[PDB]
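> Here is the sequence, then the experimental structure:
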14 protein chains.
Amino acid sequence: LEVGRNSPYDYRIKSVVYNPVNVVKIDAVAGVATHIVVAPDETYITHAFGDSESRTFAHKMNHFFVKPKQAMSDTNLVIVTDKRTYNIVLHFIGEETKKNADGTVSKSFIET
Amino acid sequence: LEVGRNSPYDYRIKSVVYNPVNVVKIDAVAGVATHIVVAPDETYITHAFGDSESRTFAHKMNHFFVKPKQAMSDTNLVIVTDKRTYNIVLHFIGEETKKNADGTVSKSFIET
Amino acid sequence: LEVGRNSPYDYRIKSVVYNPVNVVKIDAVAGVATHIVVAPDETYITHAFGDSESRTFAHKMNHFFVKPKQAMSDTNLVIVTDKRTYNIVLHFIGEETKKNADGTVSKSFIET
Amino acid sequence: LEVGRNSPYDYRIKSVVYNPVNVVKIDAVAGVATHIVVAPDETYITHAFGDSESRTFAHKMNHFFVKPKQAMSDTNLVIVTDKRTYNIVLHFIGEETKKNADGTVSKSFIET
Amino acid sequence: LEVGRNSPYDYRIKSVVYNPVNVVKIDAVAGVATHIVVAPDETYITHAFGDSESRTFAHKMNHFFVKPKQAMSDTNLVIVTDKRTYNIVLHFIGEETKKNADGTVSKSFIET
Amino acid sequence: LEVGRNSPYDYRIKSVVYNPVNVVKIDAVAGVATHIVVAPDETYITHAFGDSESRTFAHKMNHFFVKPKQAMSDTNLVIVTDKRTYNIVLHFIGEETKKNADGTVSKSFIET
Amino acid sequence: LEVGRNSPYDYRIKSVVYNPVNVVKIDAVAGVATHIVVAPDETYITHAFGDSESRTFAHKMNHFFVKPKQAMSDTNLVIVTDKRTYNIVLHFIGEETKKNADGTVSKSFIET
Amino acid sequence: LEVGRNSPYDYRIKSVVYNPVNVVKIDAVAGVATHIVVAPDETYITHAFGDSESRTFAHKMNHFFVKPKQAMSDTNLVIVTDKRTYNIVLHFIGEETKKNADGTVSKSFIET
Amino acid sequence: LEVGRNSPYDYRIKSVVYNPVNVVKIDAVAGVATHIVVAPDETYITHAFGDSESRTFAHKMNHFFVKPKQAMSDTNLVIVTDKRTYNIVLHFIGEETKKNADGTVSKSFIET
Amino acid sequence: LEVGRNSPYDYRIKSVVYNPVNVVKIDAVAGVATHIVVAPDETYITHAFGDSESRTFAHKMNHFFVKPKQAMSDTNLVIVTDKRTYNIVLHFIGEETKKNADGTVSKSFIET
Amino acid sequence: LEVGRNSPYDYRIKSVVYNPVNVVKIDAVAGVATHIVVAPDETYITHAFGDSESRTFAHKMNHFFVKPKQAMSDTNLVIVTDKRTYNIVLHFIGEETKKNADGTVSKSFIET
Amino acid sequence: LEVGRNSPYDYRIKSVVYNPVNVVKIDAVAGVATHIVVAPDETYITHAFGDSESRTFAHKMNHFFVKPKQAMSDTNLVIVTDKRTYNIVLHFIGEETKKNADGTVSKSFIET
Amino acid sequence: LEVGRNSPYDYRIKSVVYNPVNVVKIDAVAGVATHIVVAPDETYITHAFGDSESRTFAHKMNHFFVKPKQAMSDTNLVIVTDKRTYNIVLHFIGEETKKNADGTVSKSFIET
Amino acid sequence: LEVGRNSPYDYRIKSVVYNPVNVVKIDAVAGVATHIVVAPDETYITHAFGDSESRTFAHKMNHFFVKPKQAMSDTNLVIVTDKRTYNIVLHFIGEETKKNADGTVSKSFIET
């Protein structure tokens, strides 16, 4: 939506539709105060993800993973957010009867 | 009604009748603070649907589904609201003795 | 009475008698904050009917039904209020010893 | 008395005697906030009758009945108040030892 | 006494003696806020009688009865107060040992 | 004493002695807020007598009796107070050991 | 003492000695708020006597008795106070051991 | 002492010694608010004596006794105080062990 | 000391020594608010003596005794204080172990 | 020390040493609010002695003893304080283990 | 991020990407109020590490280790922060199911 | 120290060293509010000694002893303080394990 | 860091690196309000060490030891802080599992 | 340190190093509000020592001992503080495991 999403959505909206640049599909298991993830390069300001406070640590490339695992369920929360370029593919299917996490996303993210 | 419906109806009204553009038939199992869905392209502002906080996640087309399932009952809450164009067909028949959900709608939605 | 009836009657009054245009016979099982139904085309503002919050959903014609069923009794609360033209025929006979619902109405309704 | 009687009488008074036009004999089982019935054509403002909130519903003629039945007793509360012309004949004899309802009235009522 | 007696007497007084016009003998079983009965033609303002709230209902003549019966005792409370002319004859003898109701009155009453 | 005695005496005083006109002998069983009885013709203002609220009712002459009976004892409380002329003869002998009621009075009373 | 004695004495004093005119010997069983008895002709203001509220009632002459009897004892409280002329003879001997009532008085009393 | 002694002594003092005129020997059983007895002729103001409220009643001469008897003991409290001339002889011997009442007085008293 | 001693001593002091005129030896059993006894001729102001309120009563001479007896012990409290001339001889020996009353005094007292 | 010692010492001090005139040796069993004894001739102001309120009473000479005895012990508290000249010899030896009273004094005392 | 990170992250962000100079990878088991570690040379201000308050003590080189060990788990918290140059290699794998500590970092750090 | 020591020391100090004149060695068992002893000749102001309120009483010479004995122990508290010249020798050895009283003093004391 | 460290570190920081002059390695078991130790020569202000309040007492050289021993463990807390020159070598290894005290320091310290 | 140390140290500091004049080594068992001991010659102000309130009493020389013994342990607290010259040698070794008292001092002290 805006630069910094800064939003609990509350849930999905009038996602300001775009070309894939500014807006990214931040969604996947989320909630844990993520203003926006991706953009801007200025302070989102920052997010926790996975409704946890774990996140991956090794560096993939320049841009490099993070991956809170939420529950025991499949919780491949990635946010390769370095602030270089940026590729991540989320999916989600936890407690099968959930608040539909099923659909999965991918994020592109140029800052440039 | 208005641009942003912004309304709990309270229930159906003097729906400002139209050609199918601005006003859409948002109805179906609803309640969970949906100001308006569809229009405007400006902030409705946003809705939850299904009286839940689930919603579909895969992307259908540009404009792409969302589908909170309310109860266990037939709860095909769709709102393909991308903000491209827009096609969705709702129906509803849950707890058969309900607050008549029976009648079902369809939404058109050009923003253009 | 006025444009927007806006009234709990309290009960029937000096119904401003008319030709069938402005004033309509809103009556039938009612109570659930119906200001006026029918007219105006401007905000009545809106009504619930049937002392419920059910109402019919399919679209009859342009102008199209709504029908809260109040109790289990015969509760054919119709308000075909679209805001096109408008035809509905109410009747009422619930708990036979009631607050006389027996007499039944019909509503005409041109906005034009 | 006045235009709008607007009165709990408290009980019968110096009924401003007339020709049968303005003042009508509103009396019969009453109490339930009837300001005046009949006249004026302007807001009485309105009455309940029968110390109930039932009233007849079918339309007799233009001017047309209403008839709260008070108790189980003979309670032919009519007020054919349309605001056309107007004919009604009340009588009353409920719990035989009552607050004398025995005497019965008739109402004329031209607005013209 | 005055135009509108407007008085609980408290009990009988210096009844402003007259010719039978203005002052009438209102007395008989009374108490229930009768300002004055009879005169004036302007607002007494009004009375209940019989220490009840019953009163006769049929119309005798133009001027026409009212008759709260107080107790079971002989309680011929008449006030034929129409505001035409006016004839009534009260008497009283209830609980024989009472607050002497024995003596009985008659009321004349021209308004003219 | 004064025009309107207006007094609980407290008990007998310097009765302003007279010719029998203005001052009358109001005494006999009394107490029940009698300002003055008799004079003036203007508002005494009024009395109850007999320490009761009974009083005679028939009309003797123009001026005409009233007679609260106090107790069961001999309680011939008369006050023929019409405001014409005026004759009454009181006596008193109740509970023989009383607050001496024994002595009895007579009242004259011209207003003229 | 003064015109109106107006006094509880408290008890006997410097009785302003006189010729028998103004001051009278009011004494005898007393107490019950007697300002002065006798004089003046203006408001004493008034007395009760006998520490009671009985007093004689018949009229002796113009000036005429009053006689509260105090107790059962000899209590010939006279005050022939009319406000004509005036003769009374008191004596007193009640509960023989009393607050000496023994001595007895006489009152003269010209107003003239 | 002064004109009106006006004093509880508290007890005997610097009795302003005199010739027997102004000051008198008021003493004897006393206490009961006697300002002064005797003089002046103006308001002492007054005394009770005998620590009682009895006092003699017959008239001796012009000036004439009063005699509260205090206790059962010898209590010849005299105060012949008329306000003519004046002779009295007190003595005292009550409860033999008392607050010495033994010594006895006499009072002269010219006002002249 | 001063004119009016006016003092509880507290106890004996710098008795302003004199010739026997002004200051007198007031002492003996004392305490009961004696300001000064003897002098002045103006208000001491007055004393009680003997820590009692008894005092002698007969008149000795012009100047004449008073004699509260304090306890049962020898308590010849004299104060012949008339305010003529003045002779008294006190002594004291009560409860033999006392607050030494033993020593005894004499008082002279000219006022002249 | 000063004129009026006026002091609880608190205990012995820098006794302003002298010739025996002004300062005297007041000491011996003392305490009972003795400001100073002896001097001045003006108000010490006064003392009690002996921690009692006994003191001798006879007159020795002009200047003359006083002698509170404190306890049962040897308590020859003398203060011959007249305010003439003045001789006294104190000693002290009470409860042998005391607050050393042993040492004894003598007082001279000219006022002159 | 900034000079002094001064931040609880809250968790990893839009790490202002760099060349390895200013920003360092402070991460590893942390939390214990570390504003920033490394840079600036001005007051970070300072950190605790290891969520403890242990840290290594020997000096490695100029720049020299510190190493809080957090738990019993592998907790090689190094911060060779001298403020010379600076080399440290962290890794982390404690309670294997943790908040992913797995990924490990290295810090470069020139101040120059 | 100062003129009037006026001090609880608190304990020994920078005793302003002297020739033996002004400062004296006041010490020995002390405490009981001794400002200074000895000097000045002006108000120390005064001391108690011996932590008692005993002190010697006889007069040695002009300057003359005082000697509170503190406990049962050897407590030769002397202060020959007259304010002439002055010689005293204290020593102290009470409860052998004390707050060292052992060392003993001597006081010289010229005022001159 | 600063002149007076004045700091609880909180723990080790951006130790302002130096030549060994100003900053010293104060560390070793510490905590007990040591602002800085060593420098400055002006008020650190001062330290306790060893988290105790013991410290060595003999004088080594000019500059001379102090050595609180903390626990029973090896606690060679030295601070030879005289403020001459200055040599001390700390080490630490107490409760082997501690908050790493293991690493040990040495302090140089010229003030010059 | 300063003239008057005036300090609880808190413990040993940046003892302002000196030649042995001003600063002295006050230390040894101390605590009991010693501002400074030794210097200045002006008010330290004063000390207690030994954490007691004993101190030696005999005079050694001009300058002369004082010696609170603290506990039962070896507690040779000397402070020969006269304020002449001054020599004292402290040592300390009480409860062997103490807050190191072991090291012992010596004090020089010229005031000159």
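Perfect, thanks for sending it. Numbers count the residues shown, from 1 in each chain, chains lettered A, B, ... in the order given.
> Could you give the number of residues near the closest residue to chain E within chain A?
Residue nearest to chain E within chain A: residue A:10 (61.0 Å; CB to the nearest CB). The C-beta positions use only the backbone N, C-alpha and C, and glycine is treated the same way. Residue A:10: 13 surrounding residues under other CB atoms under 10 Å in any protein chain shown.
> Let me know whether residue A:70 touches residue A:48 as I believe.
No: the pair residue A:70 / residue A:48 is not scored as a contact, 11.1 Å apart, by CB atoms under 8 Å.
> one step back: how about the residue of chain A closest to chain E, what does it touch?
Residue A:10 is in contact with B:33, B:46, B:48, B:53, counting by CB atoms under 8 Å, 6 or more residues apart in numbering or on different chains.
> are any of these buried, and which?
Neighbour-count burial (16 or more other CB atoms under 10 Å in any protein chain shown) applied to the contacts of residue A:10 gives B:46, B:48, B:53.
> Closest approach to chain G from chain A, which residue is it?
residue A:10 (86.1 Å).
> How much space separates that residue from residue N:64?
As judged by CB to CB, to the nearest Å, residue A:10 and residue N:64 stand 88 Å apart.
> likewise residue A:100?
To residue N:64, residue A:100 is 97 Å away according to CB to CB.
> what's the answer for residue A:23, then?
According to CB to CB, residue A:23 stands 93 Å off from residue N:64.
> Distance-wise, check residue A:108 relative to residue A:2.
For residue A:108, the distance to residue A:2 - CB to CB - is 18 Å.
> circling back: I'd like the contacts of residue A:10 as CSV, with distance to residue F:91 and secondary structure appended.
Shown next, in CSV, are these (distance: CB to CB, whole Å; DSSP: H, G, I helix; E, B strand; the rest coil):
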residue, distance to residue F:91, secondary structure
B:33, 91, coil
B:46, 99, coil
B:48, 96, coil
B:53, 98, coil
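> what's the farthest-apart pair in these?
Pairwise distances across the contacts of residue A:10 (CB to CB) peak at 11.7 Å, for the pair B:46 and B:53.
> what residues are shared contacts of the two?
Shared contacts of residue B:46 and residue B:53 (CB under 8 Å, 6+ apart): A:10, A:11.
> Name the nearest residue to the residue nearest in space to the middle of chain A, sequence neighbours excluded.
By CA atoms, centre = their mean, chain A has its centre lying nearest to residue A:26, at 3.5 Å. Among residues not flanking residue A:26 along the chain, residue A:37 sits closest, at 4.6 Å (CB to CB, 6 or more residues apart in numbering or on different chains).
> What residues does residue A:32 make contact with?
A:47, A:48, A:49, A:50, A:51, A:52, A:53, A:68.
> Could you tell me which of the residues you listed count as buried?
By 16+ other CB under 10 Å, the contacts of residue A:32 give A:47, A:48, A:49, A:50, A:51, A:52, A:53, A:68 as buried.
> now check stretch A:62-80, is it near chain K?
Yes: using CB under 8 Å from any CB of the partner chain, we find that stretch A:62-80 touches chain K at A:62, A:66, A:67, A:68, A:69.
> if we can go back for a sec, reformat the buried ones among the contacts of residue A:10 as JSON lines; add distance to residue F:19.
JSON lines is the format used below for the buried ones among the contacts of residue A:10 (distance: CB to CB, whole Å):
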{"residue": "B:46", "distance to residue F:19": "103"}
{"residue": "B:48", "distance to residue F:19": "101"}
{"residue": "B:53", "distance to residue F:19": "104"}
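> and which of those is nearest to chain L?
Among those, residue B:53 lies closest to chain L (CB to the nearest CB), at 76.0 Å.
> Could you double-check that residue A:24 sits in contact with residue A:44?
No: the criterion here is CB under 8 Å, and residue A:24 misses it with residue A:44 at 11.1 Å.
> which residues are in contact with both of the two?
Jointly contacting residue A:24 and residue A:44 under the rule CB under 8 Å, 6+ apart are residue A:37.
> of all of chain A, which residue lies closest to chain I?
For chain A, CB to the nearest CB, closest residue to chain I: residue A:33, 86.1 Å.
> how close does that residue sit to chain L?
Residue A:33 sits 63 Å away from chain L, going by CB to the nearest CB, to the nearest Å.
> Over to residue A:18?
Residue A:18 is 84 Å from chain L, by CB to the nearest CB.
> what sits against that residue?
Not one residue lies near residue A:18 by CB under 8 Å, 6+ apart.
> at 10 Å what do you get?
A:1, A:24, B:83 (CB atoms under 10 Å, 6 or more residues apart in numbering or on different chains).
> So the first one is in contact with residue A:22, correct?
Just to be clear, that refers to residue A:1. Yes: assessed by CB atoms under 10 Å, residue A:1 is found in contact with residue A:22 at 9.0 Å.
> residues shared between the contacts of those two?
Common neighbours of residue A:1 and residue A:22 (CB under 10 Å, 6+ apart) are A:16, A:36.
> ok so, going back, just give me the closest of the contacts of residue A:18 to chain D.
Nearest to chain D, judged by CB to the nearest CB, of the contacts of residue A:18 is residue B:83 at 49.4 Å.
> Give the closest residue to the closest one in space, chain neighbours not counted.
Closest residue to residue B:83 apart from its sequence neighbours, by CB to CB, 6+ apart: residue A:17 at 4.8 Å.
> I'd like to know how many residues surround residue A:112.
7.
> tell me the contacts of the closest residue to residue A:6 other than its chain neighbours?
Leaving aside its sequence neighbours, residue A:6 sits nearest to residue A:35 (CB to CB, 6+ apart; 4.2 Å). Contact analysis of residue A:35 by CB under 10 Å, 6+ apart lists A:2, A:4, A:5, A:6, A:7, A:8, A:26, A:43, A:44, A:45, A:46, A:47.
> Write the ChimeraX selection for whichever of the residues you listed are buried.
With 16+ other CB under 10 Å as the criterion, this ChimeraX line picks the buried residues out of those:
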select /A:4,5,26,44,46,47
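> Kindly indicate which of the contacts of residue A:35 lies nearest residue N:76.
Checking those against residue N:76 by CB to CB gives residue A:46 as the nearest, at 67.9 Å.
> most neighbours, which of the residues of stretch A:62-80 next to chain K?
residue A:66 (26 neighbours).
> what's near enough to touch the closest residue to residue A:99 other than its chain neighbours?
Counting by CB to CB, 6+ apart, residue A:99 lies nearest to residue B:54, which is 3.8 Å off, once chain neighbours are set aside. The contact partners of residue B:54, taken as CB under 10 Å, 6+ apart, are A:11, A:97-102, B:48, B:66-70, B:75, B:77.
> Sitting in helices, which of the residues you listed do you find?
Assigned to helices by DSSP state H, none of those qualify.
> Against chain M, how distant is the residue of chain A most remote from its centre?
When each C-alpha in chain A is compared with the mean C-alpha position (CA atoms, centre = their mean), residue A:97 comes out farthest, at 21.9 Å. From residue A:97 across to chain M, the span is 48 Å (CB to the nearest CB).
> and if you look at residue A:91?
To chain M, residue A:91 is 43 Å away according to CB to the nearest CB.
> Name all residues that make contact with that residue.
Going by CB under 10 Å, 6+ apart, residue A:91 touches A:28, A:74-78, A:101-106, B:57-58.
> before we move on, what about residue A:72?
Contact analysis of residue A:72 by CB under 10 Å, 6+ apart lists A:94, A:95, K:97.
> List the contacts of the first one.
In this structure, residue A:94 makes contact with A:29, A:70, A:71, A:72, A:73, A:74, A:75, A:101, A:102, judged by CB under 10 Å, 6+ apart.
> Among those, name the buried ones.
For the contacts of residue A:94, a neighbour count by 16+ other CB under 10 Å gives the buried set as A:29, A:70, A:75, A:101, A:102.
> Surely residue A:29 and residue A:102 touch.
No: the criterion here is CB under 10 Å, and residue A:29 misses it with residue A:102 at 11.4 Å.
> Show me the common contact partners of the two, please.
Residues touching both residue A:29 and residue A:102 (CB under 10 Å, 6+ apart) are A:92, A:94.
> And the furthest pair within the contacts of residue A:94?
Across these, the longest distance by CB to CB is 17.3 Å; it joins A:72 and A:102.
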